[PDB]
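Quick note on labels: first sequence line is chain A, next is B, and so on, each numbered from 1. Basis for what follows: all heavy atoms, side chains included, without hydrogens, waters or symmetry-related copies.
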Amino acid sequence: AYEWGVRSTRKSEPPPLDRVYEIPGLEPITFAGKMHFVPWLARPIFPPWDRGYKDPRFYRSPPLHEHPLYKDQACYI
Amino acid sequence: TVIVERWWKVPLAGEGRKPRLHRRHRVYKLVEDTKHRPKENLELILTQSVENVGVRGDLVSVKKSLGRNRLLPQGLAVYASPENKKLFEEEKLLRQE
Amino acid sequence: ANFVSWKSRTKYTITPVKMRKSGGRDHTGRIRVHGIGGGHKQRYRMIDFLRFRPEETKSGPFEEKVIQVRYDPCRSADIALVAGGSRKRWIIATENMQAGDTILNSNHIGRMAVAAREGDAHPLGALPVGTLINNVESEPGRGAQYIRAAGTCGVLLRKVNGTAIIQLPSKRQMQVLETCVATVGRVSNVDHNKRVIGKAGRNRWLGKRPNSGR
Amino acid sequence: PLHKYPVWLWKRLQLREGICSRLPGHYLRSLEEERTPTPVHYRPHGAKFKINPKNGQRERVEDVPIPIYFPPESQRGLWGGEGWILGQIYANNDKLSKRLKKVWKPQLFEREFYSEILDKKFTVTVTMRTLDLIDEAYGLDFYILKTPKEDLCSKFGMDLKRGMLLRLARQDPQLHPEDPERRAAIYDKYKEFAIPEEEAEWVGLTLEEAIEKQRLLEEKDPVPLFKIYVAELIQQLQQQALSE
Amino acid sequence: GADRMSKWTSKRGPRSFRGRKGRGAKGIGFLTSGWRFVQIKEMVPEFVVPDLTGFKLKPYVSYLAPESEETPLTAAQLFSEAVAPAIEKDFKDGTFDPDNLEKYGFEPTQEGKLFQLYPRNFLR
RNA sequence: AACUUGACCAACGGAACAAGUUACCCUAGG
RNA sequence: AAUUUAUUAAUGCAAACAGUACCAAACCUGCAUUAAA
RNA sequence: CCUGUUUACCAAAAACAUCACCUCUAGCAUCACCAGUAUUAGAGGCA
RNA sequence: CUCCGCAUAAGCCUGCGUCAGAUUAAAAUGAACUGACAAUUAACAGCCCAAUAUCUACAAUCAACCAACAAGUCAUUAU
RNA sequence: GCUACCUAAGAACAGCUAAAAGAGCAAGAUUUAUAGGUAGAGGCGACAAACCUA
RNA sequence: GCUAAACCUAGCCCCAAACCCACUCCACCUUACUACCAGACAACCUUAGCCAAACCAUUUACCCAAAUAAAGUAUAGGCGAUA
Ligand SMILES: [K+]
Ligand SMILES: [Mg+2]
């Protein structure tokens, strides 16, 4: 079955993580402390960020199922 | 492992000095390729029964491909280290006792 | 800005999609295929080539009604808007496909050869031996990639041990599993070849610029 | 005009200034050392002296290593010292013939290796030489610990050494949590390589990684002068009270 | 032919360039749909002007004034004049204890203050 | 092994080993 | 025209790999062989 | 053997392009060809 | 005489406004050169938009009739 | 930023025969503004071996 | 008699010795010098041709830590040039 959306237009897959993460008991030295990217240090893993307050112009709505009015039975409008 | 040698001689650098290499010293000739050589057996001490050598604790000269792929990862065999040889030797002695 | 393919839509729709011409250039911006350039603006109609694609909740064979048969600028064959259940899609139109007709798409192989009806889609194994077929897929569920041009039709020569042998329009034998869906009949616009371009200018309208080898 | 120091010494001068100077002395030595890697792509001369056949005279002979190019991919894997050989050859092995550019690449394979100290399985790219080297060392953990940095020629390999070395130095209970007896057995087998935890931390780090690690250690918030002055005033008051 | 040396400003370039570039004025709001500008009152700087009635200081100083030596203020001098007296009294009375630095005006952190010294969050 | 031998290298004092074409021509002085 | 096949494809060998006496996946690397440009 | 560009221009001529015509290669999809599938696509010749 | 002209866009960047000049054009009033002073004020224009899913087969041409082919700039709903 | 080709999204074209629309006289294989792409072992070329800021 | 002529400083050169640089405020990788929104592009890979061989086809040079000497010696090289 032909799938729609060519690979070239889809977001590039994440780069391969540094192998220092694989090694147990080792803390990869990253550029998070520098506050900018450098090619010679490992890429940091950042925890998901939340604004912590309401900003109408940058609002994100919850998942559709979580909506209070979500119903399992569809309605045709 | 490709092994090469230089066509042109390199003049002696002297004690505590590194040779000065000119453009001619980059020309090489292929002395030998290690892959094109008869394979050698890998000595292993078996820790479990195997169709070829059921005898546990028996030194075997299995093919390197077979030993690496199956015997060593699965724990059927262990390397023929001096330390390992002593440990199994005692079992062969204790069993007779 | 570097070349970005227009083929970025991920969700199927019957709405014509705006296309971007390439001019014979690849992503590097260098000409790869010569003689391609300009022409009339064209919108893409997402043609569904997996004839047997039941709706999300529903399963098994289903029927569709031919709402419309119309010209397609992106291909030689004509296309048909078919409505089944609550879903519409674009398919390739057979020689005698007409508005209002009902067509059947089934993935069931009967004990014998079911009657051949133009525009229906059954598994090759179910289709009678020696029937004109179109829009055949190489693998079960891959989707029709062959016999898709106007007026083209392959024949089902024989079925042997769970496989089917079909003659492609180039008179070449092709062997596929018997669970491969296909469409009975010839493709629309059987008289496509007869048409004469007549005027050099018409070639430019079709997006084909002069190509001088030397 | 002339520079005070030769330009080739400027790098060493950098290590005497700023953050680089504050790096541990043991780590700095590793950078200064210039050990010769084991011959891989050439055959070394057996002795210091040889008898010249042409004139029958004893003449000094020196080993000149072949320049090896290590692509970035090799740093992820373990190639056992092998690398690309970028040079030239004579067509049909004839000096009179045109000189042609030539590259000799190693044969790479994907293999699975299990580290007893780390108790993990790794998928790494290796050559046949790496497999042979592991056999002569009786296991990956021995090969990684035994081999020096110049021989390993791999950033991943030096990263593994820090992992294994830190576990031995820290006596980490995380290895085989349910079986303390098994944990002790593995640690006993590698006791020789156990080095202090302080030194083990800086094993295999690059200069950039070491500088960043030292920057984080040094990084501290400035102390408010309110706290500093309070300590001085209280000390002055106490001394004044003592004199009284 | 283009003038490289001259200062780049919003007067130059086509309509898109001229609109986007400004002259350094601080924004006081945002743009909504339809290019409607919404002005945020808080963003607008509020001028805090005092009451000058009955104020004796004037733009200039009389020339008949005793010249004095210039002594720039320092952190130590401020501590000796604003914080040292309170600690000195408490130390004699024994009430003073390190844990209670805040009693003399020490701020462990700037968080939660309207005017935070570092990072400075207030205008001159 | 030695003693020795070998290019019509004939453009014959012999470059170890290489042609056409340019009326699209490029450079050089006479 | 001579020089060359570094280069690109094609094939062979070795290399790697597995299974029920006898044979096995392309890729990859090394070495050959004609071609291509 | 249709018309179109080209130097020239009233222009002629030739060249190239090109409708038609002819042979040649190709049984297939997620960056060109092409979101196409031999009534297709590409490469040539065409007096 | 009109060959244009006015405006916008693009470009340009104060480049015939006032005052003064010993500077300048063939021209010791003019001045586009020099010094000083002044100036173009937003309604036009630029500068835009919360999220997630979902919707979008029917050209344009006075769009009606008769037609086509090279098959087309123009649209949502739910929370 | 010239020019050649191409991409995106624009724009222009009086009258006359006027069925047919067509460089007919005077709506096209036309012209044209904007932004972008293809770079010298190359690009582009209805191929002059031309053009790619002389 | 005009046009002109004349000038002595600005600095500069080569050495020696010493290892240099740089956060008033504000602005500056977007169309730099532009107060203020969900990133993700990431660096590493033989210098080449050619001075010459009176052509050119292998062949010559530009770095690796002490002035001098060993020594233009050993040695390499169409064993030629030359190194
Ligand atoms: K101007
Ligand atoms: Mg407005």
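- Of all nucleotides listed (H:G27, I:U79, H:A43), H:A43 comes nearest to the side chain of C:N211.
- Side-chain proximity of B:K35 to G:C17, I:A71, G:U29: nearest is G:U29.
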List every contact pair, protein side and nucleotides 25-30 of chain J side both N or O, where the distance is under 3.5 Å.
from  : atom 1 : to     : atom 2 : distance (Å)
J:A29 : OP2    : C:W205 : NE1    : 3.2

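- Within the structure, salt bridge (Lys or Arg N to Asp or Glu O under 4.0 Å) contacts touching residues 68-81 of chain C (residues at least two apart or in different chains) are C:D72-C:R75.
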Polar atom pairs between nucleotides 31-35 of chain H and protein, under 3.5 Å, N or O only, would you list them?
from  : atom 1 : to    : atom 2 : distance (Å)
H:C31 : OP2    : A:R7  : N      : 3.2
H:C31 : OP2    : A:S8  : N      : 2.6
H:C31 : OP2    : A:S8  : OG     : 3.4
H:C31 : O5'    : A:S8  : OG     : 3.1
H:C31 : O4'    : A:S8  : OG     : 3.1
H:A32 : OP1    : C:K7  : NZ     : 3.4
H:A32 : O4'    : C:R25 : O      : 3.4
H:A32 : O3'    : C:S22 : OG     : 2.9
H:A32 : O2'    : C:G24 : O      : 3.4
H:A32 : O2'    : C:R25 : O      : 3.3
H:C33 : OP1    : C:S22 : OG     : 2.8
H:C34 : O3'    : C:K7  : NZ     : 3.2
H:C34 : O2'    : C:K7  : NZ     : 3.0
H:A35 : OP2    : C:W6  : NE1    : 3.2
H:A35 : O4'    : C:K7  : NZ     : 3.4
H:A35 : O2'    : A:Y2  : OH     : 3.4
H:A35 : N6     : C:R9  : O      : 2.9
H:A35 : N1     : A:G5  : N      : 2.8
H:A35 : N3     : A:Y2  : OH     : 2.7

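- Within 6.0 Å of the CZ atom in B:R17, the count of heavy atoms belonging to other residues, nucleotides or ligands does not exceed 12.
- J:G15 and J:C25 make a Watson-Crick or G-U wobble pair, with both donor-acceptor distances under 3.5 Å.
- In terms of polar N and O atoms assigned as donor or acceptor, the side chain of D:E17 comes within less than 3.5 Å of the base of K:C19 in a complementary pairing.
- Looking at C:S188, its side chain does come within 3.5 Å of a backbone N or O of C:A93 through a donor-acceptor pair.
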Identify each donor-acceptor pair in which a side-chain atom of residues 3-20 of chain E lies under 3.5 Å from a protein atom, sequence neighbours left out, and give them as a table.
from  : atom 1 : to    : atom 2 : distance (Å)
E:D3  : OD1    : E:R12 : NH2    : 2.2
E:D3  : OD2    : E:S6  : OG     : 2.7
E:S6  : OG     : E:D3  : O      : 3.4
E:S6  : OG     : E:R12 : NH1    : 3.1
E:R12 : NH1    : E:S6  : O      : 3.4
E:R12 : NH1    : E:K7  : O      : 3.4
E:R12 : NH2    : E:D3  : O      : 3.1
E:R18 : NH1    : E:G13 : O      : 2.7

Scoring nucleotides 48-54 of chain J by protein non-hydrogen atoms under 4.0 Å (B base, S sugar-phosphate only, - none) yields -------
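- Between C:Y12 and A:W4, the angle of the ring planes lies from 30° to 60°, which puts this pair in the tilted group.
- Contact check of residues 97-110 of chain D against RNA chain K (heavy atom, cut-off under 4.0 Å) returns D:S97, D:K98, D:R99, D:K101, D:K102, D:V103.
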Below 3.5 Å between N/O atoms, which protein atoms pair up with nucleotides 45-47 of chain H? Just atom names and distances, please.
none

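- For C:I31, the side-chain atoms get nearest to J:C44 when compared with the rest of J:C44, I:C58, I:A78.
- For B:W7 and D:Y90, the ring centers are positioned less than 6.0 Å apart.
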Intra- and interstrand pairs of RNA chain F - dot-bracket, Watson-Crick/G-U under 3.5 Å, | marks other strand: ..............................
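- Among the nucleotides I:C58, K:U31, H:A17, the one closest to any side-chain atom of E:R20 is K:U31.
- Taken together, K:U75 and K:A83 constitute a Watson-Crick or G-U wobble pair, since both relevant N/O distances lie under 3.5 Å.
- Stem regions annotated for RNA chain G: G:10-13 with G:30-33, counting only runs of 3 or more consecutive pairs of Watson-Crick or G-U type with both contacts under 3.5 Å.
- With contacts defined as side-chain heavy-atom distances shorter than 4.5 Å, the pair B:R6/D:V64 qualifies.
- Residue D:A91 places its side chain closer to G:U4 than to any other of G:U4, K:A38, I:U73.
- For H:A38, there is no paired nucleotide, since no Watson-Crick or G-U wobble pair has both relevant distances below 3.5 Å.
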Under a 4.0 Å heavy-atom criterion, the protein footprint on nucleotides 9-14 of chain I, written with B, S and -, is -SS-B-
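- If you check every strand for non-hydrogen atoms under 4.0 Å, B:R23 touches a base.
- For residues 9-17 of chain B, proximity to RNA chain K is found at B:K9, B:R17, defined as any non-hydrogen atom under 4.0 angstrom from a strand atom.
- Applying the 3.5 Å cutoff to both bonds, I:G30 and I:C74 do not register as a Watson-Crick or G-U wobble pair.
- Contact annotation: side chain of E:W8 to base of K:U34, donor-acceptor pair absent below 3.5 Å.
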Give me, pair by pair, the N or O atoms of the protein and of nucleotides 17-20 of chain J that are less than 3.5 Å apart, along with how far apart they are.
none

